[PDB]
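Chain residues, written in single-letter form:
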Amino acid sequence: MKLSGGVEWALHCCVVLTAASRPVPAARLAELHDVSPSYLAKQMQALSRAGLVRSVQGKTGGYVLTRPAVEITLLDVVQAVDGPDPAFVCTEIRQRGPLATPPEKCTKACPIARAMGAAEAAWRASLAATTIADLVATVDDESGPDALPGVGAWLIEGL
Amino acid sequence: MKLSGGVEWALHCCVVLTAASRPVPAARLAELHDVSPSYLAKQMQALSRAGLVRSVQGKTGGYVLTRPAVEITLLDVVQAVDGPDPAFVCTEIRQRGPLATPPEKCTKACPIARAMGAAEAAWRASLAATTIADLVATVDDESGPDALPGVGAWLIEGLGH
Ligand SMILES: O=S([O-])[O-]
Ligand code: FES
Ligand code: FES
């Protein structure tokens, strides 16, 4: 099982966008992280379709967050980039074969499906409990208070 | 993310094997679930390399669990079929570019990596806290105590084929 490789890039992008006082073009985000502009654009566009960033046009355009950092969870970002579908997909195999779960016993999910679902709930709940704000606060502590504003400064030059 | 599609079948195989008092071949497990024998065989071989099932040779051979149900966790089965590797891999992107942070200042894992590592720990822990025995007990409770024994009886019927 592998998480969409864009998740790491998107999360970092959300973090540095909190430090940008103005819209940031996908190309400058890509230059900061030394990554393919077209590739980074794809992840930003997934964030966009999830209502977490918006692009605003022109030449002075680029990307902004659409609400405060405290209101965007790692689960919001992970589901935008990697998708909403649960890791385990029950295909109702219990209804196959000569000793299939009879038709009126199919009103509850399969117990295996249920147990798998509960670990999904725990992965989701962990991701929902942390915000972009939380990440920023940790970076502030570990890198020092000037680090992210230094990045933000660099991000907006020429604008 | 999507778990290997084998996991659903492998979990059901582990459950039904607890009710079997004899080795059950993959072919018969495959007839039970109405699935291609070669496809199910691949799943059973993953369980075998992980030490969860053992293959019994010969005509009345087939698969047996190698431990009591209570000592086989969902995590054991999931990692047997899907692999142990974590879903999120930090590639140290913080050390790339013009404003790259220093290698001496990279003493702890990046805060993002840590959070993603904790989520995966929570998924792992939840799977590790459920056993095949738990699954059996729920099926006993929900299908009636004769369901699994009825399946077991059917799985060993006419061994030798
Ligand atoms: O393998 S025979 O029981 O159909
Ligand atoms: S029917 Fe899908 S997990 Fe059992
Ligand atoms: S450097 Fe890899 S997640 Fe931040």
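Its PDB header names X-ray crystallography as the technique used to obtain the model and reports a resolution of 2.3000 Å.

**Examining the overall build of chain A**
Secondary structure summary: chain A contains 7 helices and 2 strands in total. Going from N to C terminus, chain A has its helices and strands arranged as α-α-α-β-β-α-α-α-α. A principal-axis box enclosing the C-alpha atoms of chain A has dimensions of 70 × 35 × 25 Å. If you take every contact in chain A between residues at least 6 apart in sequence, the share linking residues at least 24 apart comes to 68%.

**So, the overall build of chain B**
Along chain B, the regular secondary structure elements total 7 helices and 2 strands. For chain B, the sequential pattern of α-helices and β-strands runs α-α-α-β-β-α-α-α-α. Relative to the 2.2 N^0.38 estimate, which gives 15 Å for 161 residues, the radius of gyration of chain B is 21 Å and therefore markedly larger than a compact globule would have. Along the longest, intermediate and shortest principal axes, the C-alpha atoms of chain B span 70 × 35 × 25 Å. Put simply, of all contacts in chain B between residues at least 6 apart along the chain, 68% involve residues at least 24 apart.

**Points about the nonpolar core**
Counting 106 residues, the largest nonpolar core has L47 and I132 of chain A together with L47 and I132 of chain B as the members making the most contacts within it. If we ignore the near neighbours within four places in the chain, the residues touching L47 of chain A are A10, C14, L52, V53, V77, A80 and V81 of chain A.

**What about the UniProt feature "binding site: [2Fe-2S] cluster" (unreviewed entry) in chain B?**
The residues that UniProt annotates with the feature "binding site: [2Fe-2S] cluster" (unreviewed entry) are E8, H12, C90, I93, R94, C110 and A113 of chain B. Across 106 residues in sequence, these annotated residues place their C-alpha atoms as far as 42.9 Å from one another, rather than forming a single compact spot. Within the secondary structure, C90 of chain B is located in the loop between α4 (74-82) and α5 (111-128). Accessibility expressed as a relative area gives 29% for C90 of chain B, which makes it partly exposed. Residues in contact with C90 of chain B, not counting those within four places in the same chain, are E8 of chain A together with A113 of chain B. Its location among the elements puts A113 of chain B in helix α5. Under the relative-accessibility criterion, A113 of chain B is labelled buried at 15%.

**Side note on the packing of aromatic side chains**
By the definition in use, this model includes 1 aromatic pair over all chains. Ring centres of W9 of chain B and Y39 of chain B lie 6.0 Å apart, and the angle between their planes is 75 degrees; on these two criteria the pair is classed as edge-to-face. With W9 of chain B in helix α1 (residues 6-17) and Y39 of chain B in helix α3 (residues 37-49), this pair connects stretches of sequence that are 30 residues apart. Here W9 of chain B falls in the buried class, since its relative accessible area comes to 11%. Its guanidinium or amino end placed over the ring of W154 of chain A, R28 of chain A lies 3.6 Å from that ring's centre, counting from NZ or CZ. Of note, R28 of chain B hangs over the ring of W154 of chain B, and the distance from its end group to the ring centre comes to 3.5 Å.

**Things to note about the interface of chain B and chain A**
Every contact between the two is made by 52 residues of chain B and, on the other side, 54 residues of chain A. Every element with two or more residues in the side of chain B that touches chain A is listed here: α1, α2 (26-32), α4, α5, α6 (132-143) and α7 (147-156) of chain B. Looking at which element gives the most residues to the side of chain B that touches chain A, the answer is α5 of chain B, with 12 residues.

**Description of the pairing of strand β2 (residues 62-65) of chain B**
Within a regular strand, side chains alternate between the sheet's two faces. Residue and element names in this part refer to chain B. As defined by bridge partners, strand β1 (residues 53-56) adjoins β2 across 4 bridges and the pair is classed as antiparallel. Within β2, the residue paired with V53 across the bridge is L65. The hairpin turn running from β1 into β2, its antiparallel successor, is 5 residues long, and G58 in that turn takes a positive phi close to 90 degrees.

**Structural notes on α7 of chain B**
Residue and element names in this part refer to chain B. Along α7, the residues that are buried comprise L148, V151, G152, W154 and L155. Axial view of α7: buried residues confined to an arc of 165 degrees, hence all on one face. Packing partners of the buried residues in α7 comprise α1, α2 and α6. Of the residues one or two after α7, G158 is the one with positive phi, at around 60 degrees.

**Notes on the pattern of salt bridges**
Under the counting rule described, the total for this entry stands at 11 salt bridges over all chains. As a salt-bridge pair, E92 of chain B and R94 of chain B come within 2.8 Å of each other at their nearest N and O atoms. Members of the salt-bridge network, linked through shared partners, are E142 of chain A together with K108 and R114 of chain B.

**A closer look at unusual backbone geometry**
Residue and element names in this part refer to chain A. Despite not being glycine, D34 shows a phi value in the positive range, around 50 degrees. Position of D34 relative to the elements: it lies in the loop between α2 (26-32) and α3 (37-49). Positioned with a positive phi, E92 is a non-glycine residue whose angle comes to about 60 degrees.

Rules used in this analysis
- Residues numbered from 1 in each chain as written, not as in the entry; some residues may be left out.
- Chains lettered and ligands numbered in written order.
- Heavy atoms only, no water.
- Residues with missing side-chain atoms left out of burial classes, pairs and counts.
- Helix = DSSP H or I, 4+ residues; strand = E, 2+ residues; numbered from the N terminus.
- Contact = heavy atoms within 4.5 Å.
- Rg over C-alpha atoms; globule rule 2.2 N^0.38 Å.
- Core = buried A, V, L, I, M, F, W, Y, C linked by side-chain atoms within 4.5 Å.
- Buried < 20%, exposed > 50% of the residue type's maximum accessible area, 1.4 Å probe, protein only.
- UniProt positions renumbered as here; feature names shortened; annotations may be inferred.
- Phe/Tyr/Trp six-rings, centres within 6.5 Å; stacked < 30°, edge-to-face > 60°.
- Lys NZ or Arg CZ within 6 Å of the ring centre and 35° of its normal.
- Pairing = 2+ DSSP bridges.
- Arc of directions from axis to C-beta.
- Salt bridge = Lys/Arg side-chain N within 4 Å of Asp/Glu carboxyl O.

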